[PDB]
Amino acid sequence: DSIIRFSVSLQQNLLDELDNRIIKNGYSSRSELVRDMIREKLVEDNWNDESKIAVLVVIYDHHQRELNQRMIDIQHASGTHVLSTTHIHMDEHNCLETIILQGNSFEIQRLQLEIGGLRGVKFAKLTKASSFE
């Protein structure tokens, strides 16, 4: 306990989104909102190298050059095993994909990290479900 402060680096639009939300919801500062976002994401992260089942929801631009190959290459090296996938064409530029996969905590978390950072991927949320053999 105590209080320590560290610096956070953002691009403009993430900052814009954050400041817009602060103003609408009557939050007092950036420090408070981020603090509450950290404390919440930490708690909701719910899960030994035992294999598990999880769900990865991805939203991306379908006409992006070789993005699918990019995602395939990533999950092939991931060590995870894919069970099922569904592709929803939400929009002209938006594709929703749900992926049911199994692996250990680390591979599954890592798969989300790498898929999230690809250009053309705008959303990549992981739902940790349960132990699974």
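Numbers for residues come from their place in the sequence shown, where the first is 1.
Where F106 is followed by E107 in the displayed chain, the model omits none of the deposited residues that would sit between the two.
Just going by the entry, 88 to 96 versus 61 to 69 on mean CA temperature factor gives the higher value to 61 to 69.
In this crystal structure, the stretch out of 1 to 9 and 122 to 130 whose C-alpha atoms carry the higher mean B factor is 1 to 9. Annotation for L56, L42, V34, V82: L42 ranks highest, by Cα B-factor.
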